[PDB]
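Protein chains in written order, with the deposited numbering: chain P, 953 to 1002; chain S, 1173 to 1289; chain F, 653 to 802.
Below is the structure:
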């Protein structure tokens, strides 16, 4: 099932090496916002989570 | 199983080795067949409702978490919990013996919590 | 004429080692199909062929679907194209001709070279910090891939 196969691995295993690109694909519009809020009671506070 | 951790009070952009330590028992003598035994690591929010494998914007990690142990001796394991935009997480394991469904045989209860500021 | 249509053993020779021959393989290439021959010989080995022994030429060359036999080339990179297949064939011949003996060979190899480690990406992007999260998968189904750097 597992006969410690990394012990007899490095003598004969060939090292293939794919090397793909990496795009850093993105969009371009920087800005900011900050909305502020204050909760109005309905039923009871339900313990809100972000 | 114990769970050995670096800090519970890490900020956001930082990398943490997590280290579980497992102790196989005297009462593994019933099987011996699969010496390899597959665990999992599951992450709970410390409210309810565990995060998926695709823990998008919550927690990040290296490799599949299944990460086998022996029924031989005190094996160790690792992940790299690269945290992102969080607070008050929880880590716990389970033992699955195999890969298939209904292979799972126990659920440990060791629940080490960490906070993220 | 022996007239042995059947009822015998046919062929009784072995491709042993300790002899100068040719060996064509593929390794270490970035998402663009190729090949790599190897020549383990000495003292001015001659030219060799690399044919396109396909039925309909799916393993195509770049502009004209050529074979482009080499000449005193040991290791190279036949940067092919792919006209819609996942299997091929390659009859390779090499006039070795060491000393006073016109040594030749013809090996009809069957290399199929679709990719295995199919990798997808996803970024996340916070305020003045940035992380990628890479998906890693095997393009074949239930033939496994080990992986030991990234």
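Positions of the beta carbon are idealized from the N, C-alpha and C atoms, including for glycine.
Outcome for residue i when other beta-carbon atoms lying within 10 angstroms are tallied against a minimum of 16
i, result
"residue 1215 (chain S)", "buried"
"residue 746 (chain F)", "buried"
"residue 704 (chain F)", "buried"
"residue 696 (chain F)", "exposed"
"residue 1263 (chain S)", "buried"
"residue 744 (chain F)", "buried"
"residue 1265 (chain S)", "buried"
"residue 798 (chain F)", "exposed"
"residue 970 (chain P)", "exposed"
Chain-ordered neighbours of residue i on chain F, where CB pairs are closer than 8 angstroms
i, result
"residue 974 (chain P)", "773 and 784"
"residue 1232 (chain S)", "783 and 785"
Under 8 angstroms between C-beta atoms of residue i and residue j
i, j, result
"residue 1204 (chain S)", "residue 1243 (chain S)", "yes"
"residue 1211 (chain S)", "residue 1289 (chain S)", "no"
"residue 1252 (chain S)", "residue 1187 (chain S)", "yes"
"residue 664 (chain F)", "residue 972 (chain P)", "no"
"residue 1175 (chain S)", "residue 1282 (chain S)", "yes"
"residue 694 (chain F)", "residue 727 (chain F)", "no"
"residue 652 (chain F)", "residue 731 (chain F)", "Only positions 653 to 802 of chain F appear in this structure, which leaves residue 652 (chain F) out of reach."
"residue 776 (chain F)", "residue 763 (chain F)", "no"
"residue 1287 (chain S)", "residue 1181 (chain S)", "yes"
9 angstroms Cβ cut-off: residues of chain F touching residue i
i, result
"residue 970 (chain P)", "680, 681, 682, 683, 767, 768, 769 and 771"
Neighbourhood of residue i by C-beta distance below 6 angstroms, restricted to the same chain and skipping five residues each side
i, result
"residue 698 (chain F)", "747 and 749"
Contact list for residue i against chain S, beta-carbon separation under 8 angstroms
i, result
"residue 781 (chain F)", "1184 and 1185"
"residue 776 (chain F)", "1228, 1229 and 1256"
"residue 997 (chain P)", "Correct list: empty, because the minimum Cβ distance to chain S is about 15 angstroms."
7 angstroms Cβ shell around residue i - same chain, five flanking residues per side excluded
i, result
"residue 1239 (chain S)", "1211 and 1249"
Interface partners of residue i on chain F, CB under 7 angstroms
i, result
"residue 1237 (chain S)", "Near residue 1237 (chain S) there are no residues of chain F at all, since even the closest Cβ is about 14 angstroms away, more than 7 angstroms."
Sequence-distant residues of its chain with Cβ nearer than 8 angstroms to residue i (five each side left out)
i, result
"residue 724 (chain F)", "697, 698 and 699"
"residue 1236 (chain S)", "none"
"residue 1173 (chain S)", "1192, 1193, 1194, 1195, 1265, 1280 and 1282"
Proximal chain P residues relative to residue i, where beta-carbon distance stays under 8 angstroms
i, result
"residue 1207 (chain S)", "953 and 954"
Contact set between residue i and chain S, taken where Cβ atoms lie within less than 9 angstroms
i, result
"residue 1006 (chain P)", "The shown model of chain P, from 953 to 1002, leaves out residue 1006 (chain P), and the question about it has no answer."
### Message
With a threshold of 8 angstroms, are at least 3 pairs of Cβ atoms found where one atom belongs to the stretch 743-763 of chain F and the other to the stretch 1219-1236 of chain S?
### Response
With contact defined as three or more Cβ pairs closer than 8 angstroms, the stretch 743-763 of chain F and the stretch 1219-1236 of chain S are not in contact.
### Query
Does the stretch 729-745 of chain F come within contact of the stretch 777-793 of chain F, defined as at least 3 CB pairs closer than 8 angstroms?
Cβ pair count under 8 angstroms is below three, so no.
### Query
Should the stretch 1189-1208 of chain S be regarded as contacting the stretch 660-675 of chain F, the criterion being three or more beta carbon pairs within less than 8 angstroms?
Remark: fewer than three beta-carbon pairs, one from each stretch, lie closer than 8 angstroms, so the stretch 1189-1208 of chain S and the stretch 660-675 of chain F are not flagged as touching.
### Message
Any contact between the stretch 1194-1204 of chain S and the stretch 1242-1256 of chain S? By contact I mean 3 or more CB pairs, one from each, below 8 angstroms.
### Response
Below 8 angstroms, enough C-beta pairs join the stretch 1194-1204 of chain S and the stretch 1242-1256 of chain S to call them touching: three or more.
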